[PDB]
file upload.cif (mmCIF, N, CA and C atoms)
data_run
#
loop_
_atom_site.label_atom_id
_atom_site.label_comp_id
_atom_site.auth_asym_id
_atom_site.auth_seq_id
_atom_site.Cartn_x
_atom_site.Cartn_y
_atom_site.Cartn_z
N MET A 52 -97.13 92.76 299.21
CA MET A 52 -96.03 92.82 298.26
C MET A 52 -94.88 93.64 298.80
N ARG A 53 -95.17 94.81 299.38
CA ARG A 53 -94.05 95.58 299.90
C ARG A 53 -93.41 94.88 301.08
N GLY A 54 -94.18 94.07 301.81
CA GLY A 54 -93.55 93.11 302.70
C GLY A 54 -92.57 92.23 301.95
N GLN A 55 -92.98 91.72 300.80
CA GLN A 55 -92.12 90.82 300.05
C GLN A 55 -90.85 91.53 299.60
N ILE A 56 -90.91 92.83 299.31
CA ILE A 56 -89.69 93.52 298.90
C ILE A 56 -88.84 93.87 300.10
N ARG A 57 -89.45 94.18 301.25
CA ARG A 57 -88.63 94.41 302.44
C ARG A 57 -87.83 93.16 302.78
N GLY A 58 -88.52 92.02 302.87
CA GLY A 58 -87.82 90.77 303.11
C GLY A 58 -86.86 90.43 301.99
N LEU A 59 -87.21 90.82 300.76
CA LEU A 59 -86.31 90.62 299.63
C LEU A 59 -85.01 91.36 299.86
N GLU A 60 -85.09 92.67 300.06
CA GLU A 60 -83.90 93.50 300.17
C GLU A 60 -83.02 93.04 301.31
N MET A 61 -83.63 92.73 302.46
CA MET A 61 -82.81 92.22 303.54
C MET A 61 -82.20 90.87 303.18
N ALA A 62 -82.88 90.11 302.33
CA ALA A 62 -82.32 88.83 301.92
C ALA A 62 -81.22 89.00 300.89
N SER A 63 -81.25 90.10 300.13
CA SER A 63 -80.15 90.42 299.24
C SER A 63 -78.95 90.90 300.03
N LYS A 64 -79.20 91.65 301.11
CA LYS A 64 -78.14 91.96 302.05
C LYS A 64 -77.54 90.68 302.61
N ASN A 65 -78.40 89.74 302.99
CA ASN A 65 -77.92 88.48 303.52
C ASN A 65 -77.17 87.69 302.45
N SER A 66 -77.57 87.86 301.19
CA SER A 66 -76.87 87.21 300.10
C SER A 66 -75.48 87.79 299.93
N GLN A 67 -75.38 89.12 299.95
CA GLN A 67 -74.09 89.78 299.79
C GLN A 67 -73.15 89.43 300.93
N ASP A 68 -73.67 89.52 302.16
CA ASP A 68 -72.93 89.04 303.32
C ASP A 68 -72.48 87.61 303.09
N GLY A 69 -73.35 86.81 302.48
CA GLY A 69 -72.94 85.51 302.02
C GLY A 69 -71.72 85.56 301.12
N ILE A 70 -71.75 86.43 300.11
CA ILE A 70 -70.68 86.43 299.12
C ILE A 70 -69.36 86.78 299.77
N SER A 71 -69.39 87.74 300.69
CA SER A 71 -68.15 88.15 301.33
C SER A 71 -67.65 87.09 302.29
N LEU A 72 -68.57 86.40 302.96
CA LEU A 72 -68.17 85.27 303.80
C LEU A 72 -67.52 84.19 302.96
N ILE A 73 -68.26 83.70 301.97
CA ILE A 73 -67.81 82.57 301.17
C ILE A 73 -66.52 82.92 300.46
N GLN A 74 -66.36 84.19 300.09
CA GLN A 74 -65.11 84.61 299.47
C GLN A 74 -64.00 84.73 300.50
N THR A 75 -64.33 85.08 301.74
CA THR A 75 -63.33 85.08 302.80
C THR A 75 -62.75 83.69 302.97
N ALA A 76 -63.63 82.72 303.27
CA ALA A 76 -63.19 81.34 303.41
C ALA A 76 -62.47 80.87 302.16
N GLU A 77 -63.03 81.17 301.00
CA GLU A 77 -62.46 80.73 299.73
C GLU A 77 -61.02 81.21 299.58
N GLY A 78 -60.80 82.52 299.70
CA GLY A 78 -59.46 83.05 299.55
C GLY A 78 -58.51 82.47 300.57
N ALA A 79 -59.00 82.28 301.79
CA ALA A 79 -58.20 81.61 302.80
C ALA A 79 -57.81 80.21 302.35
N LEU A 80 -58.72 79.52 301.66
CA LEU A 80 -58.44 78.17 301.21
C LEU A 80 -57.44 78.17 300.07
N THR A 81 -57.45 79.23 299.27
CA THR A 81 -56.45 79.33 298.22
C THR A 81 -55.08 79.64 298.81
N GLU A 82 -55.04 80.33 299.95
CA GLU A 82 -53.77 80.52 300.64
C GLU A 82 -53.25 79.21 301.21
N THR A 83 -54.12 78.49 301.92
CA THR A 83 -53.81 77.13 302.35
C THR A 83 -53.30 76.32 301.18
N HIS A 84 -53.95 76.46 300.04
CA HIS A 84 -53.59 75.69 298.88
C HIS A 84 -52.19 76.02 298.41
N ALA A 85 -51.88 77.32 298.35
CA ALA A 85 -50.54 77.74 297.99
C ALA A 85 -49.50 77.12 298.92
N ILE A 86 -49.80 77.11 300.23
CA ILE A 86 -48.96 76.36 301.15
C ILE A 86 -48.80 74.94 300.64
N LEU A 87 -49.92 74.23 300.47
CA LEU A 87 -49.90 72.81 300.12
C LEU A 87 -49.08 72.53 298.88
N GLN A 88 -49.04 73.48 297.95
CA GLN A 88 -48.17 73.32 296.80
C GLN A 88 -46.72 73.38 297.22
N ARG A 89 -46.37 74.39 298.01
CA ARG A 89 -45.01 74.42 298.55
C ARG A 89 -44.72 73.17 299.36
N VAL A 90 -45.74 72.64 300.04
CA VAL A 90 -45.57 71.44 300.83
C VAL A 90 -45.21 70.28 299.93
N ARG A 91 -45.95 70.12 298.83
CA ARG A 91 -45.67 69.02 297.92
C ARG A 91 -44.25 69.11 297.39
N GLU A 92 -43.82 70.33 297.07
CA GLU A 92 -42.41 70.53 296.76
C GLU A 92 -41.54 70.08 297.92
N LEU A 93 -42.03 70.26 299.14
CA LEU A 93 -41.29 69.81 300.31
C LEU A 93 -41.51 68.33 300.61
N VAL A 94 -42.32 67.64 299.80
CA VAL A 94 -42.42 66.19 299.89
C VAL A 94 -41.40 65.57 298.96
N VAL A 95 -41.29 66.12 297.75
CA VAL A 95 -40.25 65.65 296.85
C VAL A 95 -38.90 66.11 297.35
N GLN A 96 -38.88 67.15 298.19
CA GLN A 96 -37.66 67.49 298.91
C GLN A 96 -37.52 66.64 300.16
N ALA A 97 -38.63 66.39 300.87
CA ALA A 97 -38.64 65.34 301.87
C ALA A 97 -38.67 63.96 301.24
N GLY A 98 -38.60 63.89 299.91
CA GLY A 98 -38.06 62.77 299.17
C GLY A 98 -36.65 62.35 299.58
N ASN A 99 -35.98 63.17 300.41
CA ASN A 99 -34.71 62.90 301.05
C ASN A 99 -33.62 63.09 300.02
N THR A 100 -33.91 63.87 298.99
CA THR A 100 -33.20 63.80 297.72
C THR A 100 -33.05 62.33 297.35
N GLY A 101 -34.18 61.63 297.43
CA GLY A 101 -34.17 60.19 297.36
C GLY A 101 -33.68 59.57 298.65
N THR A 102 -32.37 59.63 298.86
CA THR A 102 -31.79 59.31 300.16
C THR A 102 -30.57 60.19 300.47
N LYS B 153 -28.15 50.21 302.30
CA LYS B 153 -28.76 51.51 302.54
C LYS B 153 -28.95 52.20 301.19
N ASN B 154 -29.87 51.60 300.43
CA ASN B 154 -30.09 51.94 299.02
C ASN B 154 -30.25 53.43 298.83
N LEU B 155 -29.38 53.99 298.00
CA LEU B 155 -29.38 55.42 297.72
C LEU B 155 -30.38 55.71 296.61
N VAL B 156 -31.65 55.53 296.95
CA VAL B 156 -32.70 55.76 295.97
C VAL B 156 -32.74 57.24 295.64
N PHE B 157 -33.30 57.57 294.47
CA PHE B 157 -33.56 58.94 294.05
C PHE B 157 -35.04 59.11 293.81
N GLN B 158 -35.63 60.13 294.43
CA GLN B 158 -37.04 60.45 294.23
C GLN B 158 -37.18 61.23 292.93
N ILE B 159 -37.99 60.70 292.01
CA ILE B 159 -38.06 61.20 290.64
C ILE B 159 -39.48 61.54 290.24
N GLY B 160 -40.40 60.62 290.36
CA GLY B 160 -41.74 60.93 289.96
C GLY B 160 -42.34 61.96 290.86
N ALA B 161 -43.17 62.81 290.27
CA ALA B 161 -44.00 63.70 291.06
C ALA B 161 -44.92 62.92 291.99
N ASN B 162 -45.17 61.64 291.69
CA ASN B 162 -45.76 60.71 292.63
C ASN B 162 -44.67 60.12 293.51
N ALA B 163 -45.05 59.79 294.74
CA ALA B 163 -44.09 59.28 295.70
C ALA B 163 -43.70 57.85 295.34
N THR B 164 -42.50 57.45 295.77
CA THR B 164 -41.94 56.11 295.59
C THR B 164 -41.66 55.78 294.12
N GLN B 165 -41.71 56.77 293.22
CA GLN B 165 -41.29 56.60 291.83
C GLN B 165 -39.78 56.79 291.76
N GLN B 166 -39.05 55.81 292.29
CA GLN B 166 -37.67 56.02 292.70
C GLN B 166 -36.68 55.20 291.88
N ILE B 167 -35.42 55.62 291.96
CA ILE B 167 -34.29 55.00 291.25
C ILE B 167 -33.41 54.31 292.27
N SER B 168 -33.44 52.98 292.31
CA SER B 168 -32.51 52.25 293.16
C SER B 168 -31.07 52.48 292.73
N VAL B 169 -30.16 52.49 293.71
CA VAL B 169 -28.73 52.66 293.46
C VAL B 169 -27.97 51.72 294.40
N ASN B 170 -26.82 51.23 293.94
CA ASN B 170 -25.99 50.31 294.71
C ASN B 170 -24.52 50.65 294.50
N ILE B 171 -23.77 50.74 295.60
CA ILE B 171 -22.32 50.91 295.57
C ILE B 171 -21.75 49.97 296.61
N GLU B 172 -20.72 49.22 296.22
CA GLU B 172 -20.12 48.22 297.09
C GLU B 172 -18.60 48.18 296.99
N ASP B 173 -17.99 49.07 296.22
CA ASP B 173 -16.54 49.05 296.05
C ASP B 173 -15.86 49.84 297.16
N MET B 174 -14.60 49.48 297.40
CA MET B 174 -13.75 50.13 298.39
C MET B 174 -12.34 49.60 298.16
N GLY B 175 -11.39 50.16 298.90
CA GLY B 175 -10.02 49.69 298.78
C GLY B 175 -9.83 48.26 299.24
N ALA B 176 -10.62 47.83 300.21
CA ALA B 176 -10.61 46.45 300.67
C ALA B 176 -11.58 45.56 299.89
N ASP B 177 -11.99 45.96 298.69
CA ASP B 177 -12.78 45.13 297.78
C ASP B 177 -11.97 44.96 296.50
N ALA B 178 -11.59 43.71 296.19
CA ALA B 178 -10.80 43.42 295.01
C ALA B 178 -10.90 41.95 294.66
N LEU B 179 -11.46 41.62 293.50
CA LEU B 179 -11.71 40.23 293.11
C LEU B 179 -12.62 39.54 294.12
N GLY B 180 -13.88 39.94 294.09
CA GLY B 180 -14.81 39.58 295.13
C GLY B 180 -15.40 38.24 294.79
N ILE B 181 -14.79 37.19 295.33
CA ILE B 181 -15.30 35.84 295.14
C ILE B 181 -16.70 35.75 295.72
N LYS B 182 -16.79 35.95 297.03
CA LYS B 182 -18.02 36.38 297.67
C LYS B 182 -17.69 37.62 298.48
N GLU B 183 -16.54 37.56 299.14
CA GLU B 183 -15.89 38.67 299.80
C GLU B 183 -14.40 38.36 299.74
N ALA B 184 -13.63 38.96 300.64
CA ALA B 184 -12.27 38.49 300.88
C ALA B 184 -12.25 36.98 301.06
N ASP B 185 -11.42 36.32 300.27
CA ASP B 185 -11.26 34.87 300.34
C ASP B 185 -9.95 34.58 301.03
N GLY B 186 -9.65 35.37 302.06
CA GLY B 186 -8.38 35.30 302.75
C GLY B 186 -7.44 36.36 302.26
N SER B 187 -6.13 36.08 302.32
CA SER B 187 -5.13 37.02 301.85
C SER B 187 -5.32 37.38 300.39
N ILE B 188 -5.97 36.51 299.62
CA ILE B 188 -6.29 36.76 298.24
C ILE B 188 -7.74 37.23 298.17
N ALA B 189 -8.10 37.80 297.02
CA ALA B 189 -9.49 38.05 296.64
C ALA B 189 -10.14 39.19 297.43
N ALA B 190 -9.43 39.75 298.39
CA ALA B 190 -9.61 41.17 298.67
C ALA B 190 -8.30 41.84 299.07
N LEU B 191 -7.37 41.06 299.61
CA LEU B 191 -6.34 41.59 300.48
C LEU B 191 -4.96 41.58 299.85
N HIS B 192 -4.79 41.04 298.65
CA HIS B 192 -3.61 41.45 297.93
C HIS B 192 -3.67 42.94 297.63
N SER B 193 -4.88 43.46 297.40
CA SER B 193 -5.05 44.89 297.30
C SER B 193 -4.71 45.55 298.62
N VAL B 194 -5.20 44.99 299.72
CA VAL B 194 -4.93 45.57 301.03
C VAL B 194 -3.51 45.25 301.45
N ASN B 195 -3.21 43.96 301.61
CA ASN B 195 -1.99 43.53 302.27
C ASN B 195 -0.79 43.37 301.35
N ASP B 196 -1.01 43.23 300.04
CA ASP B 196 0.12 43.27 299.10
C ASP B 196 1.16 42.18 299.36
N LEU B 197 0.88 40.95 298.95
CA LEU B 197 1.77 39.81 299.17
C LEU B 197 3.18 39.97 298.57
N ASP B 198 3.49 41.09 297.91
CA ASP B 198 4.85 41.42 297.52
C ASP B 198 5.70 41.82 298.71
N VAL B 199 6.30 40.85 299.39
CA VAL B 199 7.42 41.15 300.27
C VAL B 199 8.56 40.20 299.93
N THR B 200 8.35 38.92 300.21
CA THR B 200 9.23 37.84 299.80
C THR B 200 8.47 36.62 299.31
N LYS B 201 7.17 36.51 299.62
CA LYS B 201 6.34 35.40 299.17
C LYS B 201 6.45 35.20 297.68
N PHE B 202 6.55 36.30 296.96
CA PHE B 202 6.69 36.23 295.52
C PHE B 202 8.04 35.66 295.14
N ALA B 203 9.10 36.07 295.82
CA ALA B 203 10.38 35.44 295.58
C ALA B 203 10.46 34.06 296.20
#

call {"tool": "encode", "arguments": {"input": "upload.cif", "output": "C-alpha cells"}}
result
Amino acid sequence: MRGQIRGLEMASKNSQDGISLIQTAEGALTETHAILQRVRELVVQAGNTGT
Amino acid sequence: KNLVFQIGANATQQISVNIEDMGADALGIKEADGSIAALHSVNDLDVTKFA
C-alpha cells in the first residue's frame, strides 16, 4: 500500500505537471486565437474594402 | 471592375456596384453613335451646323 501511495504522489506530481503543460499550450492557443480574431478583421479588411 | 463592397461577416457577401458615366457619355444608344449620342456633349455641334 505505501508503494501505492508513493506511486500515487509521484503521479499527482505528474498530474500537476500535466496541468501546467496543458495550460501552457492552452494559453498559447488563446493568444493564437486572439491573433486569428484580428486576422478575421483583416479578412474583412482584406475584403479590399470590397474593392 | 465591379466596385463590390464586403458586407457580410462571411466572405463574398458583397454589394455589386456599377458606374459608367463620364463627360464623353451622353445619350448612350449603345455608345457614341458618331458626332451625336455621345459627342454633342464632347464636340458641341454649335459652331455653324446649327445655323

call {"tool": "closest_atom_pairs", "arguments": {"input": "upload.cif", "of": "chain B", "to": "chain A", "cutoff": "6.5 Å", "atoms": "only N, CA and C atoms", "output": "Markdown table"}}
result
| residue | atom | partner | partner_atom | distance |
| --- | --- | --- | --- | --- |
| B:154 | C | A:102 | CA | 6.2 |
| B:155 | C | A:102 | N | 4.9 |
| B:156 | C | A:101 | CA | 3.7 |
| B:157 | CA | A:101 | CA | 3.6 |
| B:158 | N | A:101 | CA | 3.3 |

call {"tool": "atom_distance", "arguments": {"input": "upload.cif", "atom1": "atom N of residue 72 (chain A)", "atom2": "CA of residue 85 (chain A)"}}
result
20.6 Å

call {"tool": "atom_distance", "arguments": {"input": "upload.cif", "atom1": "CA of residue 177 (chain B)", "atom2": "CA of residue 192 (chain B)"}}
result
9.9 Å

call {"tool": "resolve_selection", "arguments": {"input": "upload.cif", "expression": "the PyMOL selection byres ((chain B and resi 190) around 7)", "output": "PyMOL selection string"}}
result
chain B and resi 175-181+183-189+191-195

call {"tool": "atom_distance", "arguments": {"input": "upload.cif", "atom1": "CA of residue 58 (chain A)", "atom2": "atom N of residue 70 (chain A)"}}
result
16.9 Å

call {"tool": "select_by_dssp", "arguments": {"input": "upload.cif", "residues": "chain B", "states": "alpha helix (DSSP H)", "output": "PyMOL selection string"}}
result
chain B and resi 191-195

call {"tool": "write_last_selection", "arguments": {"input": "upload.cif", "atoms": "N, CA and C atoms", "output": "compact mmCIF listing (two decimals), in the coordinates of the input"}}
result
# COMPACT_ATOMS: atom_id res chain seq x y z
N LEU B 191 -7.37 41.06 299.61
CA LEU B 191 -6.34 41.59 300.48
C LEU B 191 -4.96 41.58 299.85
N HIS B 192 -4.79 41.04 298.65
CA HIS B 192 -3.61 41.45 297.93
C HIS B 192 -3.67 42.94 297.63
N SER B 193 -4.88 43.46 297.40
CA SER B 193 -5.05 44.89 297.30
C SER B 193 -4.71 45.55 298.62
N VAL B 194 -5.20 44.99 299.72
CA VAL B 194 -4.93 45.57 301.03
C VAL B 194 -3.51 45.25 301.45
N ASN B 195 -3.21 43.96 301.61
CA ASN B 195 -1.99 43.53 302.27
C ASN B 195 -0.79 43.37 301.35

call {"tool": "select_by_dssp", "arguments": {"input": "upload.cif", "residues": "chain B", "states": "strand (DSSP E or B)", "output": "VMD selection string"}}
result
chain B and resid 157 to 158 166 to 167

call {"tool": "build_atoms", "arguments": {"input": "upload.cif", "residues": "region 157-176 of chain B", "atoms": "N, CA, C and O atoms", "output": "mmCIF file, in the frame of the given file"}}
result
data_model
loop_
_atom_site.group_PDB
_atom_site.id
_atom_site.type_symbol
_atom_site.label_atom_id
_atom_site.label_comp_id
_atom_site.auth_asym_id
_atom_site.auth_seq_id
_atom_site.Cartn_x
_atom_site.Cartn_y
_atom_site.Cartn_z
ATOM 1 N N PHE B 157 -33.300 57.570 294.470
ATOM 2 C CA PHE B 157 -33.560 58.940 294.050
ATOM 3 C C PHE B 157 -35.040 59.110 293.810
ATOM 4 O O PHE B 157 -35.640 58.327 293.071
ATOM 5 N N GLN B 158 -35.630 60.130 294.430
ATOM 6 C CA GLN B 158 -37.040 60.450 294.230
ATOM 7 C C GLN B 158 -37.180 61.230 292.930
ATOM 8 O O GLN B 158 -36.566 62.286 292.762
ATOM 9 N N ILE B 159 -37.990 60.700 292.010
ATOM 10 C CA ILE B 159 -38.060 61.200 290.640
ATOM 11 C C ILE B 159 -39.480 61.540 290.240
ATOM 12 O O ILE B 159 -39.732 62.639 289.733
ATOM 13 N N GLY B 160 -40.400 60.620 290.360
ATOM 14 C CA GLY B 160 -41.740 60.930 289.960
ATOM 15 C C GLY B 160 -42.340 61.960 290.860
ATOM 16 O O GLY B 160 -42.057 62.029 292.058
ATOM 17 N N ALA B 161 -43.170 62.810 290.270
ATOM 18 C CA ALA B 161 -44.000 63.700 291.060
ATOM 19 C C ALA B 161 -44.920 62.920 291.990
ATOM 20 O O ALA B 161 -45.397 63.476 292.981
ATOM 21 N N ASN B 162 -45.170 61.640 291.690
ATOM 22 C CA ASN B 162 -45.760 60.710 292.630
ATOM 23 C C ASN B 162 -44.670 60.120 293.510
ATOM 24 O O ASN B 162 -43.522 59.963 293.085
ATOM 25 N N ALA B 163 -45.050 59.790 294.740
ATOM 26 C CA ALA B 163 -44.090 59.280 295.700
ATOM 27 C C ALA B 163 -43.700 57.850 295.340
ATOM 28 O O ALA B 163 -44.456 57.129 294.688
ATOM 29 N N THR B 164 -42.500 57.450 295.770
ATOM 30 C CA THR B 164 -41.940 56.110 295.590
ATOM 31 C C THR B 164 -41.660 55.780 294.120
ATOM 32 O O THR B 164 -41.385 54.622 293.805
ATOM 33 N N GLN B 165 -41.710 56.770 293.220
ATOM 34 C CA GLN B 165 -41.290 56.600 291.830
ATOM 35 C C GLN B 165 -39.780 56.790 291.760
ATOM 36 O O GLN B 165 -39.272 57.786 291.239
ATOM 37 N N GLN B 166 -39.050 55.810 292.290
ATOM 38 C CA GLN B 166 -37.670 56.020 292.700
ATOM 39 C C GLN B 166 -36.680 55.200 291.880
ATOM 40 O O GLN B 166 -37.044 54.234 291.199
ATOM 41 N N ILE B 167 -35.420 55.620 291.960
ATOM 42 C CA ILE B 167 -34.290 55.000 291.250
ATOM 43 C C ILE B 167 -33.410 54.310 292.270
ATOM 44 O O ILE B 167 -32.613 54.975 292.935
ATOM 45 N N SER B 168 -33.440 52.980 292.310
ATOM 46 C CA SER B 168 -32.510 52.250 293.160
ATOM 47 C C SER B 168 -31.070 52.480 292.730
ATOM 48 O O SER B 168 -30.776 52.656 291.541
ATOM 49 N N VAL B 169 -30.160 52.490 293.710
ATOM 50 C CA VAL B 169 -28.730 52.660 293.460
ATOM 51 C C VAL B 169 -27.970 51.720 294.400
ATOM 52 O O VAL B 169 -28.426 51.452 295.518
ATOM 53 N N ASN B 170 -26.820 51.230 293.940
ATOM 54 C CA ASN B 170 -25.990 50.310 294.710
ATOM 55 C C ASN B 170 -24.520 50.650 294.500
ATOM 56 O O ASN B 170 -24.078 50.826 293.359
ATOM 57 N N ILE B 171 -23.770 50.740 295.600
ATOM 58 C CA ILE B 171 -22.320 50.910 295.570
ATOM 59 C C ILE B 171 -21.750 49.970 296.610
ATOM 60 O O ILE B 171 -22.214 49.942 297.759
ATOM 61 N N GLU B 172 -20.720 49.220 296.220
ATOM 62 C CA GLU B 172 -20.120 48.220 297.090
ATOM 63 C C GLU B 172 -18.600 48.180 296.990
ATOM 64 O O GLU B 172 -17.976 47.351 297.662
ATOM 65 N N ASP B 173 -17.990 49.070 296.220
ATOM 66 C CA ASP B 173 -16.540 49.050 296.050
ATOM 67 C C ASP B 173 -15.860 49.840 297.160
ATOM 68 O O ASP B 173 -16.439 50.731 297.779
ATOM 69 N N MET B 174 -14.600 49.480 297.400
ATOM 70 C CA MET B 174 -13.750 50.130 298.390
ATOM 71 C C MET B 174 -12.340 49.600 298.160
ATOM 72 O O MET B 174 -12.125 48.697 297.348
ATOM 73 N N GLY B 175 -11.390 50.160 298.900
ATOM 74 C CA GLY B 175 -10.020 49.690 298.780
ATOM 75 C C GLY B 175 -9.830 48.260 299.240
ATOM 76 O O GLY B 175 -8.983 47.543 298.707
ATOM 77 N N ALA B 176 -10.620 47.830 300.210
ATOM 78 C CA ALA B 176 -10.610 46.450 300.670
ATOM 79 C C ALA B 176 -11.580 45.560 299.890
ATOM 80 O O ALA B 176 -11.933 44.481 300.386
#
